[PDB]
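Only one chain is included here, represented as structure tokens and corresponding to the form deposited in one PDB entry.
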């Protein structure tokens, strides 16, 4: 049994979990997680463009990432440079808890995961 952290940190495993989440139109939770992980690792030169793209991908084009008004106001401040990017790491932790508690256990009993374990028989 792959641990939740093992699925999220291997990019191939995480993409297959994205495929599983696309079946209920919730791939954006996995996409947001990976964009937030990239943001916190990125060269500081990249942050303005990556924050703009984050808002486009996960708050404009998708409304799957549901946040309390206080967090959304912190994002609205971050768009115009009046806050840092830590709000995206907070929302990442909230998304991670949803994925781990609500979706990961059902992913483990999917066709997609059964195939993954045949592909990765070294486990």
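Definition used throughout: the rigid core is the maximal C-alpha set that superposes within 1.5 Å between two forms. Shifts are known only where both forms have a C-alpha. Numbering follows the first chain given and starts at 1.
For the higher mean C-alpha B factor in the entry, choose 112-120 or 2-10.
Taking the mean B-factor of the alpha carbons in each, 2-10 is higher.
For the C-alpha atoms alone, is the average B factor greater in 93-101 or in 69-77, going by the entry?
Averaged over C-alpha atoms, the B-factors run higher in 69-77.
Among 30, 60, 36, 47, which carries the highest Cα B-factor?
Among 30, 60, 36, 47, the PDB entry lists the largest C-alpha B-factor for 47.
Note that the form deposited in another entry isn't included here; everything after this is about it.
Against the rigid core, a Cα displacement of 2 Å or more between the shown form and the other one applies to just one of 53, 46, 34, 94. Which?
Among the listed residues, the outlier is 94.
Is it true that residue 110 shifts between the shown form and the other one by 2 Å or more at the Cα, once the core is aligned?
Residue 110 C-alpha, core-superposed: shift of 2 Å or more.
Residue 69: CA shift of at least 2 Å between the shown form and the other one after core fit?
Yes.
Do residue 35 and residue 67 move together or apart in the other form, judged by C-alpha distance changing 3 Å or more?
Those two alpha carbons end up closer in the other form.
Relative to what we see here, could you say if residue 95 and residue 58 have their Cα atoms closer or farther apart in the other form, with a change of 3 Å or more?
So the answer is farther.
Once the rigid core is superposed, list every run of three or more consecutive common residues with all C-alpha shifts of 2 angstroms or more between the shown form and the other one, in sequence order.
This is the sole shifted run between the shown form and the other one: 65-118.
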